[PDB]
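J.: One structure, as structure tokens, below. Some questions next.
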Amino acid sequence: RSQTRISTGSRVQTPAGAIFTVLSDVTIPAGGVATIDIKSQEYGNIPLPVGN
Amino acid sequence: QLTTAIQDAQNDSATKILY
Amino acid sequence: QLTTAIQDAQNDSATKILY
Amino acid sequence: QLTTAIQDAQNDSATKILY
Amino acid sequence: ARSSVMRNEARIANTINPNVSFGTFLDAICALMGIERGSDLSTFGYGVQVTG
Amino acid sequence: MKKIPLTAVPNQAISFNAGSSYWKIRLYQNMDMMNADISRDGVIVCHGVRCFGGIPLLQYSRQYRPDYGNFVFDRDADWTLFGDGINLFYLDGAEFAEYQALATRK
Amino acid sequence: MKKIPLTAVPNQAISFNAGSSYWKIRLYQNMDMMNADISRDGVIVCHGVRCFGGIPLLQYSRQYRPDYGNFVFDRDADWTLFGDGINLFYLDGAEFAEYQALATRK
Amino acid sequence: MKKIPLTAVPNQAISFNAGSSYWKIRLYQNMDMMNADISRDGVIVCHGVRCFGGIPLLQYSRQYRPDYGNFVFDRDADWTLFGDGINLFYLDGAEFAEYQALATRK
Amino acid sequence: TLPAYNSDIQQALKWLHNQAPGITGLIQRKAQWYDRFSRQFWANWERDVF
Amino acid sequence: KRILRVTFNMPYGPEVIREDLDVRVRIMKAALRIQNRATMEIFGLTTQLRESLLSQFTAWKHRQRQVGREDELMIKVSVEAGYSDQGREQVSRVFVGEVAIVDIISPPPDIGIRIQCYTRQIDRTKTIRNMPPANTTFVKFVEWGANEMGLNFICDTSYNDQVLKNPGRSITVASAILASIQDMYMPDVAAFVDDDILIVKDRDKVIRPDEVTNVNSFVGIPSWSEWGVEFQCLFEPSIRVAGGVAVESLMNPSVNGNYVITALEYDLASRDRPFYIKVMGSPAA
Amino acid sequence: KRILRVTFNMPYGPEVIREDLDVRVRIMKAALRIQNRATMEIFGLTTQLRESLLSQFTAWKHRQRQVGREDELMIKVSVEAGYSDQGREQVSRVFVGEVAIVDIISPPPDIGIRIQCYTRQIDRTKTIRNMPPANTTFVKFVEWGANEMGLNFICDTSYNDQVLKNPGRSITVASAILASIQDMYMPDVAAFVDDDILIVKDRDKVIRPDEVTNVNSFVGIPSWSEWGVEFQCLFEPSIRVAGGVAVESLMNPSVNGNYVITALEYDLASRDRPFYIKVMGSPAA
Amino acid sequence: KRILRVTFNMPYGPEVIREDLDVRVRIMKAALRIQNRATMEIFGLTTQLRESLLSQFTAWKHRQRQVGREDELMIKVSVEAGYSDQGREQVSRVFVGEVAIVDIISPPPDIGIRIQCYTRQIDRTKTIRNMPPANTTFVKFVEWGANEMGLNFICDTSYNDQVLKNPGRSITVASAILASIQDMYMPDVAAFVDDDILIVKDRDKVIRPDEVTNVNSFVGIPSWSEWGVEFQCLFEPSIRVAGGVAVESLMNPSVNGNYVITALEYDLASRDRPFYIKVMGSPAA
Amino acid sequence: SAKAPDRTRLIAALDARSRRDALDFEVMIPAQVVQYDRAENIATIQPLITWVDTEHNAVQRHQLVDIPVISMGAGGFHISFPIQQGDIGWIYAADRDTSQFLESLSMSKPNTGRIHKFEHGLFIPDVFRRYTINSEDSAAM
Amino acid sequence: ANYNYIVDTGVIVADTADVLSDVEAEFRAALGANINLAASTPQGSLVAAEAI
């Protein structure tokens with residue numbers, strides 16, 4: 001509830017993702033929001049379709 | 001100089017928030 | 001004279017040592 | 001002078017533990 | 001300037017009689033007959049307090 | 001009973017803390033007499049008070065209770081003899097009441 | 001009702017804190033009249049306002065509204081007589097409203 | 001468009017913070033042309049870039065990618081006319097993309 | 001108190017205006033009016049107070 | 001003819017040191033919690049005068065002994081300065097305080113002492129005799145502090161009718177009372193002690209509006225500052241701390257206006273050039 | 001032919017004070033939290049220029065009034081010094097900051113002002129608009145601080161990938177951000193603000209390794225210090241703070257080596273002898 | 001014929017700097033927790049001597065490296081001053097301590113160094129090897145502190161038989177031991193370190209009743225102070241800190257008596273006039 | 001926030017320095033809970049004492065996350081209460097960073113150099129006057 | 001110009017420096033902004049007369 005997700009929040013996919021959250025995101029009491037993401041490296045990537 | 005050092009000492013103790 | 005200012009930064013000592 | 005006293009004040013605040 | 005002089009003199013000459021006088025001027029008329037100006041004080045006492 | 005220092009000049013203004021109050025008297029030579037402007041604690045009390053010997057300055061009761069005091073000239077005011085010969089004295093409430101009692105039976 | 005301090009120079013700019021606002025008036029001789037550029041709180045309110053005696057500077061409502069005040073010249077503006085003879089006065093909201101009420105039946 | 005100022009010297013090295021990057025361009029007279037060594041954020045990007053008018057210094061994609069910008073000479077580079085007559089301009093990402101789109105259909 | 005008070009209105013008449021009509025005339029008439037409307041007024045008003 | 005006197009108070013009486021002796025008094029006063037300072041260098045002391053003064057000035061008899069219940073613990077000294085010509089005097093008072101430090105700066109043949117006094121150096125007072133209020137208003141806490149210190153008070157502020165829960169029961173000695181009154185409400189309203197009068201007021205207000213001092217002659221030029229106008233002047237026995245000033249300058253026409261005083265720097269030398277007072281002033285509201 | 005300019009930023013515009021007027025700028029910068037200082041003694045001011053500058057420099061309108069939401073609250077002034085010969089110029093930038101103190105040092109007949117400017121005196125900011133990160137890495141907290149202060153950042157350290165819990169939720173203003181970044185991890189990695197760039201780096205590393213400055217001419221002698229090598233030099237418009245230096249001395253042959261810069265003492269006087277810069281340097285890794 | 005030696009301790013050995021070189025040592029010792037300090041201005045250094053000394057004096061190898069387990073981390077230097085005539089010497093010891101800071105004061109043609117030595121600058125100790133007593137008396141805590149610091153102790157006080165609970169379990173380093181022994185019981189009994197001897201005694205007692213120093217010749221005048229007698233003297237190699245003095249003056253007849261020493265102001269210049277020591281003394285009981 | 005006669009005497013700047021050094025010395029203030037979970041005993045906390053600027057405006061403090069909540073337990077015999085959002089209490093400050101100690105519950109170094117800050121500390125719940133006690137339970141736990 | 005020297009707390013009389021300055025300024029505003037009010041001139045004589 002009532003949480004402000006953090007700029008460049010780090011998340012890892014199972015193939016060693018290391019993805020930062022782009023937008024300064026604040027969640028909603030409902031329990032779901034959307035974040036933009038950027039890969040730590042400039043390399044070509046393909047993330048898995050499921051949350052990891 | 002004494003006066004310049006005193007003024008520098010006074011500077012870093014002035015932010016908006018009184019307390 | 002910084003000596004007078006040194007002598008002034010000593011007056012803050014009341015009878016309370018509190019200790 | 002006063003730079004000597006400044007150097008003294010700095011040396012007071014050096015100890016062997018960072019925190 | 002002359003109109004002002006006449007006006008001020010008229011005021012001072014009129015102050016000798018009451019009903020056209022004011023402070024520190026009607027004061028004089030009262031003090032002629034000893035009507036005392038009637039000083040400034042205030043005082044209470046002998047109260048009681050119920051407490052813990 | 002406190003003696004107020006004076007200076008032998010025609011026009012002057014003296015401000016002092018007497019009797020738990022901040023008095024200021026401006027004494028000036030007006031024609032052949034002397035007048036005084038009295039202000040207590042900034043607020044002006046009276047203007048153009050003609051000055052005489054023994055005769056109270058603040059002449060009206062509203063100007064001197066509760067025990068505010070009063071100012072008295074020993075002789076008729078004369079700035080030529082100020083300091084040496086003519087003194088102005090300040091009386092607190094009790095002393096001025098006693099002075100009133102003495103002077104009202106003469 | 002506050003006169004603004006002026007200098008007898010042809011083209012100048014004076015900025016001041018009046019009426020809970022940061023005004024700045026630049027007065028310059030344009031051809032054979034005086035023009036004024038007025039800027040309040042940084043933003044520029046108007047450019048090239050002709051200066052006339054009695055006529056308010058901030059003419060349109062969108063500027064002197066609300067209770068911001070206005071500026072009035074006693075006579076037709078002339079930098080040669082600035083400081084001695086011709087003055088610019090600042091009016092707050094109430095004073096300028098009373099000036100408008102008087103000036104609309106003239 | 002940010003005009004990088006130049007000095008009428010054969011060899012020079014200019015370091016500046018432009019477009020959220022720490023650029024350093026060393027321009028030197030080589031034979032009958034000008035060459036430039038460009039480094040971004042410390043690491044060297046290219047050496048001996050032959051400088052020509054209108055034609056971007058960083059020529060291939062990975063150096064001006066992403067939105068890093070590019071440097072353009074308005075005329076053929078010549079240190080004798082540096083500062084007065086010939087200037088070097090820096091374009092950020094969107095502006096360099098627009099310039100490239102303009103220059104690829106000429 | 002003691003050392004005189006002059007206050008003669010005509011004190012403002014220098015040696016220059018020794019044979020002048022104007023300045024002397026104006027000051028004399030002004031002095032006459034201030035006399036009639038201050039000194040005479042207060043004299044007859046004190047006679048009233050009596 | 002400058003006339004400067006340093007008047008001590010000792011059991012024998014007052015021993016006035018006149019201006020014939022070489023005296024140099026540097027007084028620095030301000031509208032703060034800090035005690036205003038006076039450094040006075042007096043040369044030409046005889047052996048007898050030295051033994052009569054320096055022996056009495058001491059920091060003992062209250063640390064390794066008792067000899068103390070009231071005043072006479074430390075010598076209280078006042079400074080009376082001014083001008084005198086044609087027989088008339090202008091000796092006003094510029095400092096009242098107790099000595100704290102004694103030294104000699106100049107060795108023989110001119111044995112000249114240098115002594116350091118602070119206003120209200122009786123901080124080793126009776127450890128707060130009367131308890132501070134439990135719940136009260138600011139004005140009444142100020143009145144209690146003034147009564148405890150024994151000084152008459154001038155309280156003129158807009159924060160007087162503000163209740164404080166629990167105003168200052170951590171105070172240990174009488175001096176800390178001023179520090180506490182300064183600590184609460186300290187953007188503007190700073191309390192201080194000038195001579196024997198405790199003044200608590202807003203910083204943009206004057207103690208006595210009717211007592212503005214019109215200033216027209218300065219030494220140097222009245223210049224701008226961060227807050228108001230700063231200027232030096234020859235000694236005028238009518239300028240106090242926190243008083244009203246009506247600067248009317250010539251070199252600088254923009255500094256004209258009415259100012260209140262925040263800091264004062266007296267430098268009075270009977271047998272030397274410096275006889276000036278420096279005034280820090282801020283706009284008066 | 002030294003060329004020194006003090007460029008203010010005022011509502012009318014920039015009024016550049018050139019080197020023809022007697023100017024004296026003492027800048028002292030360091031790789032610390034503390035704001036780098038610049039004392040400016042400027043003489044030969046006209047009445048109009050004094051009115052246009054000193055009246056704008058004030059500490060009011062944010063204390064007893066409101067008049068503040070962004071910059072223009074206090075005037076920002078930059079310093080551009082260098083050399084000029086044969087028509088070419090060398091005017092670099094040596095200081096950017098807002099004035100804080102203003103006094104007068106020299107009275108008539110030379111009315112000379114002395115101002116005191118400090119870098120990032122806009123602690124009169126918006127009390128932290130964007131909340132600091134809850135749990136984040138050091139480089140990320142540095143990025144947030146730089147974005148809050150509005151400055152571009154250079155963060156080069158080995159401590160970037162270290163997480164912190166509540167990294168600066170007690171911060172009260174923007175200036176305190178640098179204090180917090182300096183407070184955490186302070187044996188080596190000290191962060192500071194050099195002009196418009198916020199630098200967070202280890203103390204033994206150079207910000208721009210390709211920008212080493214070979215130094216061969218010194219004033220005096222490059223001497224040792226308890227940290228590194230210390231030396232004075234004539235003004236070279238290529239020496240910043242935290243930069244790399246390649247001292248090659250003659251008088252002292254043991255001080256040769258590569259050093260990083262920790263402190264800087266600019267002393268620039270157009271109409272006086274001192275035109276030096278003093279460098280404190282430590283061994284560079 | 002003044003004879004002043006600065007004796008360092010380096011791996012090569014002791015390299016004594018004699019009085020032939022321009023040396024100037026300003027020492028200030030006192031009965032406090034603070035380390036007594038000595039500033040040293042030494043001119044006429046050759047290139048080889050500078051390389052031998054300044055390169056050894058450093059603040060590295062304990063922050064960015066390890067190179068430390070015991071002494072030799074920083075160079076320890078002693079001072080031996082006195083007089084010499086007819087062939088007999090009077091070289092006492094006036095200071096023992098380790099350097100902390102080195103700078104250069106005089107540029108060419110006279111490269112003059114200025115080092116700053118502090119007593120007991122080996123606070124980079126084994127972070128308290130031995131745990132302090134859990135419950136113990138003051139004398140035994142003092143003995144533990146002296147043993148931890150490695151110095152012999154002189155504990156002569158009336159507070160020795162007073163127990164303490166947790167006497168210094170927050171102590172981090174060896175230097176903080178002295179600060180703690182000073183912290184407890186600080187009306188009179190202030191402990192200090194004079195050279196290599198840790199003295200814990202009451203302020204009104206002489207460490208040595210049999211080592212009173214009869215003084216009859218003074219430079220200037222033996223004067224009063226807010227505590228005791230203050231006087232300067234020519235260098236006598238028999239006046240220590242906390243020692244007893246038996247002042248017998250001529251100019252001031254009432255300052256005669258027995259005093260203990262609280263402070264000391266050595267100023268020794270082989271090639272300059274100042275060769276005096278200034279003594280602060282308080283009445284002895 | 002400053003006074004004019006500062007920057008004139010050294011002790012003026014010195015006591016201003018003391019005031020500013022003691023103003024940042026966070027020790028303890030009342031606080032409120034915005035988040036809490038009973039599984040991990042860490043609560044997101046909003047302090048209840050405003051900062052006030054020069055213009056006399058209250059700028060609300062920042063929310064503090066992952067603050068351990070006391071439980072008053074020894075030998076495993078702890079005491080718990082239904083800590084829900086909206087209750088009030090007192091938040092304390094640690095002498096050093098205890099973030100590294102929190103996840104380990106053992107002897108650990110301070111992670112950073114932040115000393116005496118409300119970023120790391122405890123939250124003791126306290127109901128103050130928000131309760132009603134029956135007359136029968138006058139002298140009774 | 002003349003203020004109100006009557007007021008209510010008795011007559012408030014100002015010094016002749018003040019009244020002379022007031023009459024001087026009034027003459028200056030009436031006759032001319034830069035007229036010489038020297039005591040030897042006719043205008044200065046009029047000013048002195050209106051000051052007595």
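Naming works like this for the structure tokens: A, B, ... for the chains as they're shown, residue 1 at the start of each chain, ligands 1 onward in shown order.
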Could you list, as a compact mmCIF listing (two decimals) with N, CA, C and O atoms, in the first residue's frame, every residue within 9 Å of residue N:2, counting only C-alpha atoms and ignoring same-chain residues fewer than 5 positions away?

T.:
# COMPACT_ATOMS: atom_id res chain seq x y z
N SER E 4 -5.06 80.04 9.80
CA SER E 4 -4.63 79.05 10.78
C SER E 4 -4.38 79.70 12.14
O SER E 4 -4.74 79.13 13.18
N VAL N 19 10.50 75.38 13.19
CA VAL N 19 9.50 76.24 12.56
C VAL N 19 10.12 77.06 11.43
O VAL N 19 9.49 77.30 10.40
N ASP N 22 10.36 74.84 8.49
CA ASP N 22 9.04 74.65 7.90
C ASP N 22 8.64 75.85 7.04
O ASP N 22 8.17 75.69 5.91
N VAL N 23 8.81 77.06 7.57
CA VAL N 23 8.48 78.26 6.80
C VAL N 23 9.39 78.39 5.59
O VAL N 23 8.95 78.81 4.51

J.: May I have a table of the residues of chain K lying at most 12 Å from chain B, giving each one's closest pair of atoms and their distance in Å to one decimal, counting only C-alpha atoms, ordered by chain and ascending residue number, as JSON lines?

T.:
{"residue": "K:26", "atom": "CA", "partner": "B:4", "partner_atom": "CA", "distance": 10.6}
{"residue": "K:27", "atom": "CA", "partner": "B:4", "partner_atom": "CA", "distance": 11.7}
{"residue": "K:28", "atom": "CA", "partner": "B:8", "partner_atom": "CA", "distance": 11.3}
{"residue": "K:33", "atom": "CA", "partner": "B:12", "partner_atom": "CA", "distance": 10.5}
{"residue": "K:34", "atom": "CA", "partner": "B:12", "partner_atom": "CA", "distance": 7.9}
{"residue": "K:35", "atom": "CA", "partner": "B:12", "partner_atom": "CA", "distance": 8.3}
{"residue": "K:36", "atom": "CA", "partner": "B:8", "partner_atom": "CA", "distance": 9.7}
{"residue": "K:37", "atom": "CA", "partner": "B:8", "partner_atom": "CA", "distance": 7.9}
{"residue": "K:38", "atom": "CA", "partner": "B:4", "partner_atom": "CA", "distance": 10.0}
{"residue": "K:39", "atom": "CA", "partner": "B:4", "partner_atom": "CA", "distance": 8.0}
{"residue": "K:40", "atom": "CA", "partner": "B:4", "partner_atom": "CA", "distance": 11.1}
{"residue": "K:59", "atom": "CA", "partner": "B:14", "partner_atom": "CA", "distance": 11.1}
{"residue": "K:62", "atom": "CA", "partner": "B:16", "partner_atom": "CA", "distance": 9.0}
{"residue": "K:63", "atom": "CA", "partner": "B:16", "partner_atom": "CA", "distance": 9.1}
{"residue": "K:68", "atom": "CA", "partner": "B:16", "partner_atom": "CA", "distance": 11.9}
{"residue": "K:99", "atom": "CA", "partner": "B:11", "partner_atom": "CA", "distance": 11.0}
{"residue": "K:100", "atom": "CA", "partner": "B:11", "partner_atom": "CA", "distance": 7.9}
{"residue": "K:101", "atom": "CA", "partner": "B:7", "partner_atom": "CA", "distance": 7.6}
{"residue": "K:102", "atom": "CA", "partner": "B:7", "partner_atom": "CA", "distance": 10.4}
{"residue": "K:103", "atom": "CA", "partner": "B:3", "partner_atom": "CA", "distance": 11.1}
{"residue": "K:105", "atom": "CA", "partner": "B:3", "partner_atom": "CA", "distance": 11.3}
{"residue": "K:114", "atom": "CA", "partner": "B:4", "partner_atom": "CA", "distance": 10.5}
{"residue": "K:115", "atom": "CA", "partner": "B:4", "partner_atom": "CA", "distance": 10.3}
{"residue": "K:116", "atom": "CA", "partner": "B:4", "partner_atom": "CA", "distance": 8.4}
{"residue": "K:117", "atom": "CA", "partner": "B:8", "partner_atom": "CA", "distance": 10.0}
{"residue": "K:118", "atom": "CA", "partner": "B:11", "partner_atom": "CA", "distance": 8.8}
{"residue": "K:119", "atom": "CA", "partner": "B:11", "partner_atom": "CA", "distance": 11.4}
{"residue": "K:120", "atom": "CA", "partner": "B:12", "partner_atom": "CA", "distance": 11.2}
{"residue": "K:121", "atom": "CA", "partner": "B:11", "partner_atom": "CA", "distance": 9.1}
{"residue": "K:122", "atom": "CA", "partner": "B:15", "partner_atom": "CA", "distance": 9.6}
{"residue": "K:123", "atom": "CA", "partner": "B:15", "partner_atom": "CA", "distance": 6.3}
{"residue": "K:124", "atom": "CA", "partner": "B:16", "partner_atom": "CA", "distance": 6.4}
{"residue": "K:125", "atom": "CA", "partner": "B:16", "partner_atom": "CA", "distance": 8.5}
{"residue": "K:126", "atom": "CA", "partner": "B:16", "partner_atom": "CA", "distance": 9.5}
{"residue": "K:127", "atom": "CA", "partner": "B:16", "partner_atom": "CA", "distance": 8.0}
{"residue": "K:128", "atom": "CA", "partner": "B:16", "partner_atom": "CA", "distance": 11.6}
{"residue": "K:171", "atom": "CA", "partner": "B:17", "partner_atom": "CA", "distance": 11.1}
{"residue": "K:172", "atom": "CA", "partner": "B:17", "partner_atom": "CA", "distance": 7.5}
{"residue": "K:173", "atom": "CA", "partner": "B:15", "partner_atom": "CA", "distance": 7.3}
{"residue": "K:174", "atom": "CA", "partner": "B:15", "partner_atom": "CA", "distance": 9.6}
{"residue": "K:175", "atom": "CA", "partner": "B:15", "partner_atom": "CA", "distance": 8.5}
{"residue": "K:176", "atom": "CA", "partner": "B:15", "partner_atom": "CA", "distance": 9.1}
{"residue": "K:179", "atom": "CA", "partner": "B:12", "partner_atom": "CA", "distance": 10.9}

J.: Using atom CA of residue J:153 and atom CA of residue K:64 as the two end points, give the distance in Å to one decimal.

T.: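 Interatomic distance, atom CA of residue J:153 to atom CA of residue K:64: 25.4 Å.
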
J.: May I have the residues of chain H within 12 Å of chain A, counting only C-alpha atoms, written as a list in words?

T.: residues 62, 65 and 66 of chain H

J.: Rounded to one decimal, what separation in Å do you get between atom CA of residue N:51 and atom CA of residue E:9?

T.: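 Between atom CA of residue N:51 and atom CA of residue E:9 the gap works out to 17.4 Å.
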
J.: Would you list the contacts of residue G:1 as a count of residues only, taking every protein, DNA or RNA residue within 12 Å and counting only C-alpha atoms, but skipping same-chain residues closer than 5 positions in sequence?

T.: 19

J.: Could you give me chain C least-squares fitted onto chain D (all C-alpha atoms, paired in order), as a compact mmCIF listing (two decimals) with N, CA, C and O atoms, in the first residue's frame?

T.:
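Saved to out.txt:
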# COMPACT_ATOMS: atom_id res chain seq x y z
N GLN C 1 49.22 34.78 14.77
CA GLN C 1 48.98 33.85 13.67
C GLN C 1 47.81 32.92 13.96
O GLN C 1 47.89 32.06 14.84
N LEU C 2 46.71 33.11 13.22
CA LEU C 2 45.57 32.21 13.36
C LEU C 2 45.80 30.89 12.65
O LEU C 2 45.08 29.92 12.90
N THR C 3 46.78 30.83 11.75
CA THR C 3 47.04 29.61 11.00
C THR C 3 47.53 28.50 11.93
O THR C 3 47.13 27.34 11.80
N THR C 4 48.40 28.84 12.88
CA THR C 4 48.85 27.84 13.85
C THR C 4 47.70 27.35 14.72
O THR C 4 47.64 26.16 15.05
N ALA C 5 46.77 28.23 15.07
CA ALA C 5 45.61 27.80 15.85
C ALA C 5 44.68 26.93 15.02
O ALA C 5 44.07 25.99 15.55
N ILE C 6 44.56 27.21 13.72
CA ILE C 6 43.80 26.34 12.83
C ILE C 6 44.44 24.96 12.78
O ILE C 6 43.78 23.93 12.90
N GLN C 7 45.77 24.93 12.61
CA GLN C 7 46.50 23.68 12.57
C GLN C 7 46.44 22.94 13.90
O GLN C 7 46.61 21.72 13.93
N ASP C 8 46.21 23.66 15.00
CA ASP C 8 46.02 23.04 16.30
C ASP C 8 44.61 22.50 16.49
O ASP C 8 44.42 21.47 17.15
N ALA C 9 43.61 23.17 15.92
CA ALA C 9 42.25 22.66 15.98
C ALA C 9 42.00 21.65 14.88
O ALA C 9 40.97 21.64 14.20
N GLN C 10 42.96 20.75 14.72
CA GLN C 10 42.86 19.60 13.84
C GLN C 10 43.46 18.36 14.47
O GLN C 10 43.23 17.26 13.97
N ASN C 11 44.21 18.51 15.56
CA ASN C 11 44.90 17.38 16.17
C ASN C 11 43.94 16.38 16.79
O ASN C 11 44.31 15.23 17.02
N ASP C 12 42.70 16.80 17.07
CA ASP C 12 41.75 15.87 17.65
C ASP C 12 41.23 14.88 16.61
O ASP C 12 40.05 14.90 16.22
N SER C 13 42.11 13.98 16.18
CA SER C 13 41.73 12.89 15.28
C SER C 13 42.66 11.71 15.52
O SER C 13 43.79 11.69 15.01
N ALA C 14 42.20 10.73 16.28
CA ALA C 14 43.01 9.57 16.63
C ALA C 14 42.96 8.56 15.49
O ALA C 14 42.39 8.82 14.42
N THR C 15 43.56 7.39 15.70
CA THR C 15 43.46 6.34 14.69
C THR C 15 42.03 5.88 14.53
O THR C 15 41.63 5.44 13.44
N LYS C 16 41.23 5.98 15.58
CA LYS C 16 39.81 5.66 15.48
C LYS C 16 39.11 6.65 14.55
O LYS C 16 39.04 7.85 14.84
N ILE C 17 38.60 6.12 13.44
CA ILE C 17 37.77 6.88 12.51
C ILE C 17 36.33 6.89 12.98
O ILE C 17 35.44 7.35 12.24
N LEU C 18 36.08 6.51 14.23
CA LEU C 18 35.30 5.31 14.52
C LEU C 18 34.31 4.93 13.43
O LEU C 18 34.30 3.76 13.04
N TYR C 19 33.47 5.85 12.95
CA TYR C 19 32.80 5.54 11.68
C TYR C 19 31.85 4.35 11.83
O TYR C 19 31.48 3.98 12.95

J.: Please return as a ChimeraX atom specification: the residues of stretch 58-175 of chain K that backbone DSSP assigns to alpha helix (DSSP H).

T.: /K:138-149,175

J.: Limited to N, CA, C and O atoms, could you put the picked residues into a file as a short mmCIF file (atom, residue, chain, number, x, y, z; two decimals), in the first residue's frame?

T.:
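Result written to result_36.cif:
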data_model
loop_
_atom_site.label_atom_id
_atom_site.label_comp_id
_atom_site.auth_asym_id
_atom_site.auth_seq_id
_atom_site.Cartn_x
_atom_site.Cartn_y
_atom_site.Cartn_z
N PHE K 138 24.69 3.55 -3.80
CA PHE K 138 25.37 4.82 -3.56
C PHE K 138 25.36 5.71 -4.80
O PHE K 138 25.10 6.92 -4.70
N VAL K 139 25.66 5.14 -5.97
CA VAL K 139 25.64 5.93 -7.19
C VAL K 139 24.25 6.47 -7.45
O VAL K 139 24.08 7.58 -7.98
N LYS K 140 23.22 5.72 -7.06
CA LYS K 140 21.86 6.16 -7.29
C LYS K 140 21.47 7.29 -6.34
O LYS K 140 20.80 8.25 -6.75
N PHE K 141 21.89 7.20 -5.08
CA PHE K 141 21.68 8.32 -4.17
C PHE K 141 22.42 9.56 -4.65
O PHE K 141 21.91 10.68 -4.54
N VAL K 142 23.61 9.37 -5.21
CA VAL K 142 24.37 10.49 -5.77
C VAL K 142 23.61 11.11 -6.94
O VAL K 142 23.54 12.33 -7.07
N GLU K 143 23.05 10.27 -7.82
CA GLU K 143 22.28 10.78 -8.94
C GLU K 143 21.06 11.56 -8.46
O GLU K 143 20.74 12.62 -9.01
N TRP K 144 20.37 11.05 -7.44
CA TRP K 144 19.22 11.77 -6.90
C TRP K 144 19.64 13.11 -6.32
O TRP K 144 18.96 14.12 -6.53
N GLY K 145 20.75 13.14 -5.58
CA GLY K 145 21.22 14.40 -5.03
C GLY K 145 21.59 15.40 -6.11
O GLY K 145 21.26 16.59 -6.00
N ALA K 146 22.26 14.94 -7.16
CA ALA K 146 22.62 15.82 -8.26
C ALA K 146 21.37 16.36 -8.95
O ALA K 146 21.31 17.55 -9.30
N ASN K 147 20.38 15.50 -9.18
CA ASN K 147 19.15 15.96 -9.81
C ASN K 147 18.41 16.96 -8.94
O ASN K 147 17.83 17.93 -9.45
N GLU K 148 18.40 16.74 -7.62
CA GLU K 148 17.77 17.69 -6.72
C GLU K 148 18.48 19.04 -6.74
O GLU K 148 17.83 20.09 -6.75
N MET K 149 19.81 19.02 -6.74
CA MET K 149 20.57 20.27 -6.75
C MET K 149 20.62 20.93 -8.12
O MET K 149 21.02 22.10 -8.21
N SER K 175 21.46 21.77 0.36
CA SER K 175 22.87 21.84 0.72
C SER K 175 23.26 20.66 1.60
O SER K 175 24.38 20.14 1.50
#

J.: Return as a ChimeraX atom specification the residues belonging to chain N that are within 12 Å of chain G, counting only C-alpha atoms.

T.: /N:28-30,32-34

J.: Using only C-alpha atoms, select each residue of chain I with any atom at most 9 Å away from an atom of chain E, and give the selection as a ChimeraX atom specification.

T.: /I:34,37-38,41-42,45,49

J.: Residues near stretch 23-27 of chain M, anyone? I mean within 10 Å using only C-alpha atoms, not counting same-chain ones fewer than 4 positions away, as a VMD selection string.

T.: (chain B and resid 13 17 to 19) or (chain K and resid 170 to 172) or (chain M and resid 17 to 19 91 to 95 115 to 119 121)

J.: Could you jot down the atom CA of residue H:12 to atom CA of residue K:81 separation for me, Å, one decimal place?

T.: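 About the pair atom CA of residue H:12 and atom CA of residue K:81: they are 20.0 Å apart.
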
J.: Mind checking which residues fall within 12 Å of residue I:26, counting only C-alpha atoms, ignoring those fewer than 5 positions away in the same chain, and posting them as an MDAnalysis selection string?

T.: (chainID I and resid 9:10 12:13 17 20:21 31:33) or (chainID N and resid 42:43 45:46 49:50)

J.: Fewer than 2 positions away in the same chain doesn't count, so skip those; otherwise give me all residues within 7 Å of stretch 14-22 of chain A, counting only C-alpha atoms, as a ChimeraX atom specification.

T.: /A:7-12,24,35-40,52
